[PDB]
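Asker: Mind having a look at this structure? Questions to follow.
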Amino acid sequence: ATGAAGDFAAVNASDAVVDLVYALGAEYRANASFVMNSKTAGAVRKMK
Amino acid sequence: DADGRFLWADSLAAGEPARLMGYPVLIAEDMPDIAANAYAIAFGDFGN
Numbered sequence: 254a255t256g257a258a259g260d261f262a263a264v265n266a267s268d269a270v271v272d273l274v275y276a277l278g279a280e281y282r283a284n285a286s287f288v289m290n291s292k293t294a295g296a297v298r299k300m301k
Numbered sequence: 302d303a304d305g306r307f308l309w310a311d312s313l314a315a316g317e318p319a320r321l322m323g324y325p326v327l328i329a330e331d332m333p334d335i336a337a338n339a340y341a342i343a344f345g346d347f348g349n
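Same order as they appear, the protein sequences are chains X and Z. Per full-length UniProt numbering, the very first residue in the first sequence carries number 254; after that it's consecutive. Per full-length UniProt numbering, the very first residue in the second sequence carries number 302; after that it's consecutive.
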């Protein structure tokens, strides 16, 4: 889960993306990848 | 840091520096996670 129910976490976003990376397990991170749509990568890129 | 950017693995691209303050990192999935009185990180020379 991220936090707030509408969008990324309000206080510290990009914390919900990094624990996603570390929730998957070590053997599957050798070749893993994110899957988003265009407008979600926009919401990720707006994180400042 | 205080500015809100990452200390370890400077940017949101290219994570896992493979050095925690100059020393290797072993991701042993059997240590406790962050609890109230947990010991989640152990640093030491386990060769001795």
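Backbone N, C-alpha and C define an ideal beta-carbon position, used for all residues, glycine too.
Near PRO318/Z, which residues of its chain fall below 7 angstroms by C-beta distance, leaving aside the five closest residues on each side in sequence?
Answerer: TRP309 and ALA310
Asker: Beta-carbon of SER267/X versus every beta-carbon of chain A: anything under 9 angstroms?
Answerer: Protein chains X and Z are contained in the structure displayed, whereas chain A is not.
Asker: Rounding to the nearest angstrom, what Cα-Cα distance links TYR281/X and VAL274/X in this structure?
Answerer: 10 angstroms
Asker: Taking the continuous alpha helix (DSSP H) assigned at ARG298/X, which residues delimit it?
Answerer: First-last of the alpha helix (DSSP H) with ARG298/X: 291-298.
Asker: What are the residues that DSSP puts in a beta bridge with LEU327/Z?
Answerer: In DSSP, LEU327/Z forms no bridge with anything.
Asker: Quick one: what's got a C-beta closer than 7 angstroms to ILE335/Z's C-beta in the same chain, skipping five residues either side?
Answerer: Same-chain partners within the cutoff: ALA341.
Asker: So, helix, strand or coil for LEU277/X, using DSSP?
Answerer: coil
Asker: Between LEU313/Z and chain X, is the shortest Cβ-Cβ distance under 9 angstroms, so that the two count as touching?
Answerer: yes
Asker: Thinking just about the alpha-carbon of each residue, which of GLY345/Z, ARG306/Z and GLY305/Z is nearest to the one in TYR324/Z?
Answerer: Looking at the Cα atoms, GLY345/Z is the closest of the given residues.
Asker: In the stretch 315-344 of chain Z, which residues sit with their C-beta less than 8 angstroms from some C-beta in chain X, listed in chain order?
Answerer: Near chain X, meaning a CB-to-CB distance below 8 angstroms, the residues of the stretch 315-344 of chain Z are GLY316, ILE328 and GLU330.
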